[PDB]
Amino acid sequence: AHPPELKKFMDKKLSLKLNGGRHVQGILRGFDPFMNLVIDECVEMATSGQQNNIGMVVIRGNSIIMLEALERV
Amino acid sequence: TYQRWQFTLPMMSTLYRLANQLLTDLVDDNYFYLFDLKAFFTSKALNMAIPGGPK
Amino acid sequence: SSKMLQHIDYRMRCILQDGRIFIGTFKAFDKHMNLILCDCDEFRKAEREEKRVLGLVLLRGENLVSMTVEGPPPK
Amino acid sequence: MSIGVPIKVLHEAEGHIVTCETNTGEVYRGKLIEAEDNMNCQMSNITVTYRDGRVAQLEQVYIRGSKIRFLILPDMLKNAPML
Amino acid sequence: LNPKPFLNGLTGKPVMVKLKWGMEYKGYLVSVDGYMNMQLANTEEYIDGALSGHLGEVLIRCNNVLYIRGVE
Amino acid sequence: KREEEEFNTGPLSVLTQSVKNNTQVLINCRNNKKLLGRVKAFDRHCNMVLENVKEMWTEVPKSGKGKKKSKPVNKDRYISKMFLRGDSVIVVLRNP
Amino acid sequence: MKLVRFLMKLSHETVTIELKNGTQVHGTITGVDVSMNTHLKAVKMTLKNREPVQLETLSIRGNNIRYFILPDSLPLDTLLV
Amino acid sequence: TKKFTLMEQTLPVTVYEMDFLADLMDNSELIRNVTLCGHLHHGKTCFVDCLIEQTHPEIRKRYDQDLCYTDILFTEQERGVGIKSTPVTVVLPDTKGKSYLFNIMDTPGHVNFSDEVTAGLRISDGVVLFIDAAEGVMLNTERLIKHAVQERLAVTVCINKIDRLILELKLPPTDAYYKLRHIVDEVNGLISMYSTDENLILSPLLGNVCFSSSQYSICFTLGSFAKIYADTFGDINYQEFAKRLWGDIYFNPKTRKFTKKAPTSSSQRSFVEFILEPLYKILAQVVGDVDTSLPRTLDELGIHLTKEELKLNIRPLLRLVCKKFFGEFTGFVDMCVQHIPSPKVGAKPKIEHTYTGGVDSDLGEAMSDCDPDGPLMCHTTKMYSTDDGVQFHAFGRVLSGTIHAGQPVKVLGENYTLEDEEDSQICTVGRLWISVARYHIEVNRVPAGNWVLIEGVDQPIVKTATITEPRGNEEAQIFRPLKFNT
Amino acid sequence: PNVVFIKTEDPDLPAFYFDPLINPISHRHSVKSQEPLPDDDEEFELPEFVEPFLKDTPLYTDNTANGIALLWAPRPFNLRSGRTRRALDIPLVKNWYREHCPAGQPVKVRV
Amino acid sequence: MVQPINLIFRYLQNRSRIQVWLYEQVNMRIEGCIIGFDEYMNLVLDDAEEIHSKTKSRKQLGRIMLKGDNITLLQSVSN
Ligand SMILES: Nc1nc2c(ncn2[C@@H]2O[C@H](COP(=O)(O)OP(=O)(O)OP(=O)(O)O)[C@@H](O)[C@H]2O)c(=O)[nH]1
């Protein structure tokens with residue numbers, strides 16, 4: 001079927017690497033057929049390593065180019 | 001030349017029960033356990049008889 | 001289809017979107033122009049020039065620009 | 001439906017060791033686990049080469065389909081009953 | 001205000017469309033459609049805010065378009 | 001048939017009248033260059049079949065690292081008939 | 001309408017094409033497909049700045065194309081049907 | 001001439017390249033080692049035939065007579081009772097098309113021969129259990145469940161001879177459903193009684209039981225049948241469908257969703273309405289109206305037969321019609337692949353049970369990793385005589401390391417210990433073969449995880465023996481001799 | 001294995017029916033198990049036109065009851081096609097003497 | 001499970017002030033209050049202040065519609 005087999009990764013702690021050289025790290029709970037993610041406890045990794053905290057975020061599917069686990073399935 | 005025959009199943013299903021007086025209604029070959037052709041051969045290769053078999 | 005199918009099992013030269021070149025023996029293609037190249041070389045350009053080797057390369061269709069023949073078949 | 005020969009060879013590739021290069025220029029080298037019909041791969045136990053030289057090891061990774069621009073499938077597959 | 005009613009609203013007003021490549025147009029829009037292509041009338045083109053010229057009766061093609069904003 | 005209702009009414013009507021009147025129309029490609037044309041047919045993807053065309057741009061390649069910018073005075077080469085893949089389009093004018 | 005079908009009737013005439021990445025081919029055409037996939041034979045290349053090349057047959061993916069360059073040897077009027 | 005066995009001189013045509021098979025053998029996660037066991041004449045051998053017939057295009061059954069492929073002995077064919085555990089190695093595809101290597105140890109089902117099961121059980125990772133649908137559980141079915149579970153293999157069960165319901169007993173669908181469900185429940189009861197684990201409950205929803213008729217080449221899981229369903233109509237998430245096709249789930253045709261409660265008193269179950277009833281309608285047309293309405297029916301199924309095929313007798317014709325409908329036995333693969341662990345994963349329980357030194361030993365750790373480049377540790381459990389009867393070939397599992405042609409190996413007999421080395425001998429390994437029941441493929445080497453026939457090591461071996469490097473693994477020990485069922 | 005075929009006596013009955021000779025299935029789930037049946041209305045619905053495969057055609061037809069019975073008929077009657085034999089070769093009475101007839105018959109015939 | 005088309009609806013009902021990051025153009029962000037989704041994730045942002053971070057200054061726009069393919073994240077911030 002069309003959904004990504006992302007079911008494994010849920011509630012484990014992800015890093016993402018986003019289009020345009022951006023990085024965010026997250027505990028995950030969402031996916032839909034386009035891979036639109038809903039990330040929780042989401043940190044923004046700025047260029048300089050000055051880190052922000054931000055709340056729950058949606059991501060557009062096409063913006064992702066990798067999706068990595070910081071703590072295992 | 002009358003070599004080959006090919007019948008539909010309503011034909012066969014009739015012919016079977018016309019013949020029914022001659023045929024025996026054994027559904028499976030378990031009956032002939034020591035009463036088949038192979039068993040008699042053993043009774044002929046040895047010198048020793050099956051009770052109802054030929055001699 | 002029928003024009004592409006003529007090429008099969010030959011030794012094909014592909015030019016990718018970024019400017020790279022692959023040269024490979026060609027045995028698959030698909031409605032999105034995916035490819036499987038086989039026994040394959042990665043090749044880049046006195047102006048310096050270089051030749052790297054790759055195996056059984058599976059090319060996602062988006063990258064392809066053009067492909068060309070230069071060999072008789074590896075029979 | 002006519003999901004043709006290449007994606008079947010991708011499914012055939014699973015459980016081996018494949019190399020996989022993304023638009024940006026990162027080169028991954030990892031053991032495959034599953035691959036989907038749009039080429040979303042999961043990959044395990046990777047040694048990644050960065051665009052500028054550096055190596056790193058990784059636990060597990062999932063690589064969006066349209067973001068790839070070759071895989072290096074393991075050579076023994078040339079015999080496979082897809083071909 | 002869902003996006004489909006909204007675009008019917010802005011019909012005939014003044015609107016200012018900004019394209020991904022950093023050009024921008026001022027226009028009195030004339031229609032929109034299923035893919036959100038657009039037409040504009042009596043248009044100006046800004047390039048870093050320079051009034052480049054009165055480009056007559058433009059059409060714009062929908063993949064180019066970032067935000068559209070309405071003008072006081 | 002149903003596209004005819006769209007192409008008369010909607011934003012594509014710019015192209016539609018451009019065929020009937022045979023006004024020129026100044027297109028702006030993605031490679032910066034402009035195509036000025038008398039569009040002789042089209043489809044919904046903005047594909048076009050152009051004529052009497054003159055493709056005007058400043059030619060300053062990346063090769064120069066400062067040398068090529070010496071050349072701002074432009075060019076105008078005249079392509080007699082020309083089909084154009086639709087996705088090359090960012091905007092289109094009417095000229096009158 | 002449906003101009004891609006006009007790009008199949010055009011067979012075995014002669015064309016230049018410029019591709020999107022500044023490539024130019026010069027070719028005689030046989031075969032075209034629903035997704036504009038071009039195949040040319042008797043092919044002369046010229047890359048961006050780099051010098052010409054000449055090739056037997058060249059097959060060009062659909063979405064890399066930009067403008068063709070038809071010959072003046074087309075009477076256009078036939079395309080209406 | 002002494003040639004009392006039906007060995008084939010020439011290698012038959014296969015769908016797969018033989019080079020591809022050897023390549024797969026290195027990939028220790030792709031291979032599966034099953035054993036098929038279950039009570040007398042429940043249809044094991046004839047099932048295996050249907051795999052071979054699928055895999056070897058030149059080989060076909062005779063219309064009049066079963067092709068007992070693994071019954072290689074005249075003695076065995078004369079009796080009609082399997083007497084020797086005969087291994088078969090084939091690669092056969094999944095529903096996905098992904099090709100896996102199966103080593104299938106076809107075993108006897110007669111109670112006395114049970115020795116043959118236990119030997120093949122030891123080298124296997126998993127049981128497939130065959131039950132005649134008409135008879136259900138019988139004496140030897142219960143014994144083999146008990147034995148397998150004690151040996152810590154994963155178990156999955158296969159319900160054979162479903163055709164007997166339709167044609168012999170003539171049971172209506174709903175009662176036939178109850179006959180199936182009864183079999184499943186009895187097996188669950190037996191397992192849960194013996195096994196201390198509780199997670200191994202088996203039920204069609206979970207994939208690990210499949211329904212088959214081996215005379216007529218029918219095999220389907222719930223997943224497999226839905227794959228047929230989806231490839232017809234399109235746009236079905238077939239894995240989600242297969243969850244809904246068993247037990248007390250009823251279909252509501254007005255809302256077109258499934259519910260646990262029957263919308264009318266005559267609402268047949270999801271299983272009956274979707275699985276059984278179209279199965280029934282296939283068979284009752286073929287054995288019924290072959291003259292009048294069978295061509296019309298075959299149109300709807302998308303099956304086309306030539307005018308020469310349509311003149312076959314009913315038993316050949318029925319097998320043919322189903323073979324086009326179901327196609328490959330992919331359902332059997334899905335059951336085996338998921339539930340039965342690969343040798344990588346399976347190594348840890350296997351070493352723990354069978355090895356007297358246990359997992360705590362350095363060699364125990366090395367064998368658990370199942371490394372092909374590790375220390376050679378091979379276990380032989382069966383002996384098969386040559387075609388002439390002069391020699392015996394040892395058969396075993398390369399439980400670690402790699403065996404090479406011509407290599408000198410130390411063979412450890414069953415009494416060997418670190419305190420008594422007298423039960424050991426050094427032997428020169430001759431030719432190796434991957435074994436297939438009637439023809440043998442010779443190979444240069446066999447990596448860890450696969451089965452192999454070994455020539456010339458048979459002299460010091462009485463029954464079991466451990467094969468190990470003569471100069472490296474000086475602290476190796478034997479595997480425990482087989483604890484027979486009786 | 002014991003062929004278990006149940007001879008339908010009269011053609012009025014439906015060809016598939018639980019004939020009284022067959023022992024009734026005692027089983028009815030008493031200790032009712034709660035195996036992983038998905039929850040009701042959990043987002044699964046079929047496309048518009050899927051149906052049970054052969055639903056247009058009846059479960060049984062009048063020939064179905066008769067046609068099954070041929071499958072265990074003796075050797076010339078269980079087949080649709082064969083090859084003709086000579087009138088010499090068919091042994092009409094052969095089936096009788098191959099079975100051990102009931103001993104109450106006179107001595108003379110037994111031998 | 002938290003589906004994303006559900007989450008964005010919760011941001012409508014709060015009428016929150018959310019900050020969007022554009023595709024490729026890291027140096028610019030939009031910071032909108034929101035009502036809007038046809039299925040493409042096209043947003044309609046009322047405040048819509050542009051944040052050109054080299055200049056730090058904050059240029060102001062009308063009631064703008066932000067076409068779906070330009071989006072990346074969808075962060076939550078204060079008003
Ligand atoms: N009705 C029916 N009979 C079958 C089917 N498959 C096999 N049989 C018959 O059942 C008998 C047993 O088949 P085998 O497979 O040789 O016996 P087995 O299961 O291997 O058991 P062993 O003899 O101990 O090796 C044979 O006469 C087959 O013709 C089936 O699918 N349906």
# chains A, B, ... in the order shown; residues from 1 in each chain; ligands from 1

$ residues_near_ligand --ligand "ligand 1" --cutoff "8 Å" --atoms "only C-alpha atoms and all ligand atoms" --output "mmCIF file with C-alpha atoms, in the first residue's frame"
data_model
loop_
_atom_site.group_PDB
_atom_site.id
_atom_site.type_symbol
_atom_site.label_atom_id
_atom_site.label_comp_id
_atom_site.auth_asym_id
_atom_site.auth_seq_id
_atom_site.Cartn_x
_atom_site.Cartn_y
_atom_site.Cartn_z
ATOM 1 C CA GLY H 38 3.082 -35.128 10.523
ATOM 2 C CA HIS H 39 1.039 -38.338 10.689
ATOM 3 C CA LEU H 40 0.994 -41.161 8.066
ATOM 4 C CA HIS H 41 -0.435 -40.368 4.587
ATOM 5 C CA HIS H 42 -1.454 -36.784 5.497
ATOM 6 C CA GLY H 43 0.091 -35.730 2.168
ATOM 7 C CA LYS H 44 3.649 -34.481 2.875
ATOM 8 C CA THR H 45 5.428 -36.150 -0.107
ATOM 9 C CA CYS H 46 2.759 -35.148 -2.663
ATOM 10 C CA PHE H 47 2.988 -31.531 -1.458
ATOM 11 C CA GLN H 65 -0.226 -41.972 -10.729
ATOM 12 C CA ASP H 66 1.384 -39.819 -8.024
ATOM 13 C CA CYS H 68 6.428 -39.537 -5.258
ATOM 14 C CA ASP H 71 10.483 -41.696 -2.423
ATOM 15 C CA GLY H 80 3.847 -46.850 -0.424
ATOM 16 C CA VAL H 81 5.192 -45.837 3.001
ATOM 17 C CA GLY H 82 8.014 -43.332 3.356
ATOM 18 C CA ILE H 83 10.931 -44.864 5.275
ATOM 19 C CA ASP H 106 10.817 -34.339 3.946
ATOM 20 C CA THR H 107 10.326 -36.938 6.726
ATOM 21 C CA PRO H 108 8.257 -40.153 7.120
ATOM 22 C CA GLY H 109 4.950 -40.094 8.941
ATOM 23 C CA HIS H 110 4.704 -43.714 10.060
ATOM 24 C CA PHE H 130 0.583 -31.462 7.913
ATOM 25 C CA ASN H 160 -3.849 -30.497 3.898
ATOM 26 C CA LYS H 161 -6.491 -32.306 1.801
ATOM 27 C CA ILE H 162 -9.216 -29.595 2.061
ATOM 28 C CA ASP H 163 -10.634 -31.111 -1.199
ATOM 29 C CA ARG H 164 -11.775 -34.143 0.895
ATOM 30 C CA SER H 212 -3.803 -26.550 0.974
ATOM 31 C CA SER H 213 -4.939 -29.418 -1.233
ATOM 32 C CA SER H 214 -1.873 -31.137 -2.594
ATOM 33 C CA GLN H 215 -3.509 -33.444 -5.168
ATOM 34 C CA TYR H 216 -4.877 -30.393 -7.015
ATOM 35 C CA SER H 217 -1.985 -27.901 -6.358
ATOM 36 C CA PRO I 1 -6.375 -43.601 3.424
#

$ residues_around --residues "residue 27 in chain C" --least-positions-apart "6" --cutoff "12 Å" --atoms "only C-alpha atoms" --output "PyMOL selection string"
(chain C and resi 4-12+34-40+56-59+73-74) or (chain D and resi 5-6+9+78-79+82-83)

$ residues_around --residues "residue 29 in chain J" --least-positions-apart "3" --cutoff "12 Å" --atoms "only C-alpha atoms" --output "list in words"
residues 18, 19, 20, 21, 22, 23, 24, 25, 26, 32, 48, 49, 50, 51, 52, 53, 54, 56, 58, 59, 66, 70, 71, 72, 73, 74 and 75 of chain J

$ atom_distance --atom1 "CA of residue 6 in chain B" --atom2 "CA of residue 61 in chain I"
22.5 Å

$ select_by_dssp --residues "chain J" --states "strand (DSSP E)" --output "MDAnalysis selection string"
chainID J and resid 17:21 29:33 43:45 49:51 58:59 64:66 75:77

$ atom_distance --atom1 "CA of residue 36 in chain F" --atom2 "CA of residue 78 in chain F"
10.3 Å

$ residues_around --residues "range 8-11 of chain B" --least-positions-apart "3" --cutoff "10 Å" --atoms "only C-alpha atoms" --output "list in words"
residues 14, 15 and 16 of chain B; 287, 288, 289, 290, 291 and 292 of chain H; 63, 66, 67, 70, 78, 79, 80 and 81 of chain I

$ atom_distance --atom1 "CA of residue 74 in chain F" --atom2 "CA of residue 58 in chain F"
4.9 Å

$ residues_around --residues "residue 31 in chain D" --least-positions-apart "2" --cutoff "8 Å" --atoms "only C-alpha atoms" --output "number ranges by chain"
D: 14-18, 29, 33, 43-46

$ closest_atom_pairs --of "chain I" --to "chain H" --cutoff "6 Å" --atoms "only C-alpha atoms" --output "tab-separated table"
residue	atom	partner	partner_atom	distance
I:4	CA	H:168	CA	5.9
I:5	CA	H:168	CA	4.3
I:6	CA	H:169	CA	6.0
I:16	CA	H:172	CA	4.8
I:17	CA	H:172	CA	5.2
I:18	CA	H:171	CA	5.5
I:40	CA	H:259	CA	5.5
I:45	CA	H:257	CA	4.9
I:52	CA	H:274	CA	5.4
I:53	CA	H:278	CA	5.9
I:54	CA	H:278	CA	5.7
I:59	CA	H:281	CA	5.6
I:63	CA	H:288	CA	5.7
I:64	CA	H:288	CA	4.5
I:67	CA	H:288	CA	4.9
I:68	CA	H:287	CA	5.9
I:79	CA	H:313	CA	5.7
I:80	CA	H:313	CA	5.5

$ residues_around --residues "range 12-23 of chain G" --least-positions-apart "4" --cutoff "7 Å" --atoms "only C-alpha atoms" --output "PDB file with N, CA, C and O atoms, in the first residue's frame"
ATOM      1  N   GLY G  27      20.020  16.613 -35.382  1.00  0.00           N
ATOM      2  CA  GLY G  27      19.586  15.233 -35.522  1.00  0.00           C
ATOM      3  C   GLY G  27      18.527  15.132 -36.594  1.00  0.00           C
ATOM      4  O   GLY G  27      17.832  16.109 -36.889  1.00  0.00           O
ATOM      5  N   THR G  28      18.385  13.937 -37.166  1.00  0.00           N
ATOM      6  CA  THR G  28      17.110  13.511 -37.733  1.00  0.00           C
ATOM      7  C   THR G  28      16.387  12.563 -36.772  1.00  0.00           C
ATOM      8  O   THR G  28      17.012  11.754 -36.085  1.00  0.00           O
ATOM      9  N   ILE G  29      15.058  12.670 -36.727  1.00  0.00           N
ATOM     10  CA  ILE G  29      14.251  12.108 -35.649  1.00  0.00           C
ATOM     11  C   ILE G  29      13.600  10.829 -36.163  1.00  0.00           C
ATOM     12  O   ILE G  29      12.996  10.845 -37.240  1.00  0.00           O
ATOM     13  N   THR G  30      13.649   9.740 -35.372  1.00  0.00           N
ATOM     14  CA  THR G  30      12.599   8.727 -35.434  1.00  0.00           C
ATOM     15  C   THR G  30      12.281   8.247 -34.028  1.00  0.00           C
ATOM     16  O   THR G  30      13.174   8.003 -33.217  1.00  0.00           O
ATOM     17  N   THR G  46      26.645  19.314 -29.481  1.00  0.00           N
ATOM     18  CA  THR G  46      27.562  20.324 -28.965  1.00  0.00           C
ATOM     19  C   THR G  46      27.191  20.620 -27.521  1.00  0.00           C
ATOM     20  O   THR G  46      26.078  21.084 -27.249  1.00  0.00           O
ATOM     21  N   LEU G  47      28.096  20.307 -26.595  1.00  0.00           N
ATOM     22  CA  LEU G  47      27.912  20.599 -25.178  1.00  0.00           C
ATOM     23  C   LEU G  47      28.029  22.104 -24.897  1.00  0.00           C
ATOM     24  O   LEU G  47      28.221  22.932 -25.791  1.00  0.00           O
ATOM     25  N   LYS G  48      27.927  22.456 -23.618  1.00  0.00           N
ATOM     26  CA  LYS G  48      28.086  23.844 -23.200  1.00  0.00           C
ATOM     27  C   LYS G  48      29.560  24.229 -23.277  1.00  0.00           C
ATOM     28  O   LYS G  48      30.389  23.619 -22.591  1.00  0.00           O
ATOM     29  N   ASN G  64      13.990  16.729 -19.911  1.00  0.00           N
ATOM     30  CA  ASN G  64      15.169  17.572 -20.042  1.00  0.00           C
ATOM     31  C   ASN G  64      15.078  18.552 -21.196  1.00  0.00           C
ATOM     32  O   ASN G  64      15.990  19.365 -21.372  1.00  0.00           O
ATOM     33  N   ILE G  65      14.019  18.488 -21.987  1.00  0.00           N
ATOM     34  CA  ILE G  65      13.982  19.231 -23.230  1.00  0.00           C
ATOM     35  C   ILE G  65      13.545  20.670 -22.928  1.00  0.00           C
ATOM     36  O   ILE G  65      12.848  20.933 -21.946  1.00  0.00           O
ATOM     37  N   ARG G  66      13.954  21.620 -23.781  1.00  0.00           N
ATOM     38  CA  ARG G  66      13.378  22.962 -23.835  1.00  0.00           C
ATOM     39  C   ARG G  66      13.005  23.121 -25.313  1.00  0.00           C
ATOM     40  O   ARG G  66      12.278  22.267 -25.821  1.00  0.00           O
ATOM     41  N   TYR G  67      13.324  24.224 -25.982  1.00  0.00           N
ATOM     42  CA  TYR G  67      12.777  24.440 -27.312  1.00  0.00           C
ATOM     43  C   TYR G  67      13.417  23.519 -28.348  1.00  0.00           C
ATOM     44  O   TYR G  67      14.629  23.285 -28.336  1.00  0.00           O
ATOM     45  N   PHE G  68      12.579  22.971 -29.227  1.00  0.00           N
ATOM     46  CA  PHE G  68      12.982  22.503 -30.552  1.00  0.00           C
ATOM     47  C   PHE G  68      13.426  23.673 -31.441  1.00  0.00           C
ATOM     48  O   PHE G  68      13.342  24.845 -31.067  1.00  0.00           O
ATOM     49  N   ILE G  69      13.720  23.363 -32.711  1.00  0.00           N
ATOM     50  CA  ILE G  69      13.954  24.339 -33.779  1.00  0.00           C
ATOM     51  C   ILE G  69      13.506  23.633 -35.058  1.00  0.00           C
ATOM     52  O   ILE G  69      14.209  22.752 -35.576  1.00  0.00           O
ATOM     53  N   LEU G  70      12.243  23.836 -35.441  1.00  0.00           N
ATOM     54  CA  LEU G  70      11.680  23.167 -36.611  1.00  0.00           C
ATOM     55  C   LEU G  70      12.356  23.688 -37.892  1.00  0.00           C
ATOM     56  O   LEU G  70      12.995  24.744 -37.882  1.00  0.00           O
ATOM     57  N   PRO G  71      12.202  23.007 -39.032  1.00  0.00           N
ATOM     58  CA  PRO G  71      12.644  23.611 -40.291  1.00  0.00           C
ATOM     59  C   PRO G  71      11.537  24.400 -40.975  1.00  0.00           C
ATOM     60  O   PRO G  71      10.344  24.155 -40.777  1.00  0.00           O
TER      61      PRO G  71
END

$ closest_atom_pairs --of "range 40-105 of chain H" --to "range 26-36 of chain H" --cutoff "12 Å" --atoms "only C-alpha atoms" --output "tab-separated table"
residue	atom	partner	partner_atom	distance
H:42	CA	H:36	CA	11.1
H:43	CA	H:36	CA	10.4
H:44	CA	H:36	CA	6.9
H:45	CA	H:36	CA	9.2
H:46	CA	H:36	CA	11.8
H:47	CA	H:36	CA	10.0
H:48	CA	H:36	CA	9.4
H:85	CA	H:35	CA	9.6
H:86	CA	H:35	CA	10.2
H:87	CA	H:35	CA	8.9
H:88	CA	H:35	CA	10.1
H:89	CA	H:33	CA	9.3
H:90	CA	H:31	CA	10.1
H:91	CA	H:31	CA	8.9
H:92	CA	H:31	CA	10.9
H:93	CA	H:30	CA	11.6
H:94	CA	H:30	CA	11.7
H:98	CA	H:30	CA	9.6
H:99	CA	H:30	CA	8.1
H:100	CA	H:30	CA	5.4
H:101	CA	H:31	CA	4.4
H:102	CA	H:32	CA	5.0
H:103	CA	H:33	CA	4.9
H:104	CA	H:34	CA	5.3
H:105	CA	H:35	CA	4.7

$ write_last_selection --atoms "N, CA, C and O atoms" --output "CSV table (one decimal), in the first residue's frame"
chain,number,residue,atom,x,y,z
H,42,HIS,N,-0.9,-38.1,5.5
H,42,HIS,CA,-1.5,-36.8,5.5
H,42,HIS,C,-0.9,-35.9,4.4
H,42,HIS,O,-1.1,-34.7,4.4
H,43,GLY,N,-0.1,-36.4,3.4
H,43,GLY,CA,0.1,-35.7,2.2
H,43,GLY,C,1.4,-34.9,2.0
H,43,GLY,O,1.4,-34.0,1.2
H,44,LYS,N,2.4,-35.2,2.9
H,44,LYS,CA,3.6,-34.5,2.9
H,44,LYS,C,4.4,-34.6,1.5
H,44,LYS,O,4.8,-33.6,0.9
H,45,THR,N,4.7,-35.9,1.1
H,45,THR,CA,5.4,-36.1,-0.1
H,45,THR,C,4.8,-35.5,-1.4
H,45,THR,O,5.5,-34.9,-2.2
H,46,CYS,N,3.5,-35.7,-1.5
H,46,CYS,CA,2.8,-35.1,-2.7
H,46,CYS,C,2.7,-33.6,-2.7
H,46,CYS,O,2.6,-33.0,-3.8
H,47,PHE,N,2.8,-33.0,-1.5
H,47,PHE,CA,3.0,-31.5,-1.5
H,47,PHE,C,4.3,-31.1,-2.1
H,47,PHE,O,4.4,-30.1,-2.8
H,48,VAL,N,5.4,-31.7,-1.6
H,48,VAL,CA,6.8,-31.5,-2.1
H,48,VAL,C,6.9,-31.6,-3.6
H,48,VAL,O,7.6,-30.8,-4.2
H,85,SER,N,14.2,-40.2,5.6
H,85,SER,CA,14.1,-38.7,5.6
H,85,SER,C,15.0,-38.2,4.5
H,85,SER,O,16.2,-38.2,4.6
H,86,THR,N,14.4,-37.7,3.4
H,86,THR,CA,15.1,-37.3,2.2
H,86,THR,C,15.1,-35.8,2.1
H,86,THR,O,14.0,-35.1,1.9
H,87,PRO,N,16.3,-35.1,2.1
H,87,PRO,CA,16.3,-33.7,2.0
H,87,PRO,C,16.2,-33.2,0.5
H,87,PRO,O,16.7,-33.8,-0.4
H,88,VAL,N,15.6,-32.0,0.4
H,88,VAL,CA,15.4,-31.3,-0.9
H,88,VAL,C,15.8,-29.8,-0.7
H,88,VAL,O,15.4,-29.2,0.3
H,89,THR,N,16.7,-29.3,-1.6
H,89,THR,CA,17.1,-27.9,-1.5
H,89,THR,C,16.6,-27.2,-2.8
H,89,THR,O,17.0,-27.6,-3.9
H,90,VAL,N,15.8,-26.2,-2.7
H,90,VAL,CA,15.3,-25.4,-3.8
H,90,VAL,C,15.1,-23.9,-3.4
H,90,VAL,O,15.0,-23.6,-2.2
H,91,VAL,N,15.3,-23.0,-4.4
H,91,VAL,CA,14.9,-21.6,-4.2
H,91,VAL,C,13.6,-21.4,-4.9
H,91,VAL,O,13.3,-21.8,-6.1
H,92,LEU,N,12.6,-20.8,-4.2
H,92,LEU,CA,11.3,-20.6,-4.6
H,92,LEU,C,10.7,-19.3,-4.1
H,92,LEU,O,10.9,-18.9,-3.0
H,93,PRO,N,10.0,-18.5,-5.0
H,93,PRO,CA,9.7,-17.1,-4.6
H,93,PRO,C,8.5,-16.9,-3.7
H,93,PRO,O,7.6,-17.7,-3.6
H,94,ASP,N,8.6,-15.8,-3.0
H,94,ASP,CA,7.6,-15.2,-2.1
H,94,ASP,C,6.6,-14.4,-3.0
H,94,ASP,O,6.7,-14.3,-4.2
H,98,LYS,N,10.7,-11.9,-4.0
H,98,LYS,CA,12.0,-12.1,-3.4
H,98,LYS,C,12.2,-13.6,-3.2
H,98,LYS,O,11.4,-14.3,-2.6
H,99,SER,N,13.4,-14.0,-3.7
H,99,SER,CA,13.8,-15.4,-3.7
H,99,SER,C,14.5,-15.8,-2.4
H,99,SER,O,15.5,-15.1,-2.0
H,100,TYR,N,14.1,-16.9,-1.8
H,100,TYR,CA,14.7,-17.4,-0.6
H,100,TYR,C,15.2,-18.9,-0.9
H,100,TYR,O,14.6,-19.5,-1.7
H,101,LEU,N,16.2,-19.3,-0.1
H,101,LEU,CA,16.7,-20.7,-0.2
H,101,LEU,C,16.0,-21.5,0.9
H,101,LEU,O,16.1,-21.2,2.1
H,102,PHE,N,15.3,-22.6,0.5
H,102,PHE,CA,14.7,-23.5,1.4
H,102,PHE,C,15.5,-24.9,1.3
H,102,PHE,O,15.7,-25.4,0.3
H,103,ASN,N,15.8,-25.4,2.5
H,103,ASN,CA,16.2,-26.7,2.7
H,103,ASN,C,15.1,-27.5,3.4
H,103,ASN,O,14.8,-27.3,4.5
H,104,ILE,N,14.5,-28.4,2.6
H,104,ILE,CA,13.2,-29.0,3.0
H,104,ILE,C,13.5,-30.5,3.3
H,104,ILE,O,13.8,-31.3,2.4
H,105,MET,N,13.6,-30.8,4.6
H,105,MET,CA,13.8,-32.2,5.0
H,105,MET,C,12.4,-32.9,5.1
H,105,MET,O,11.8,-32.9,6.1
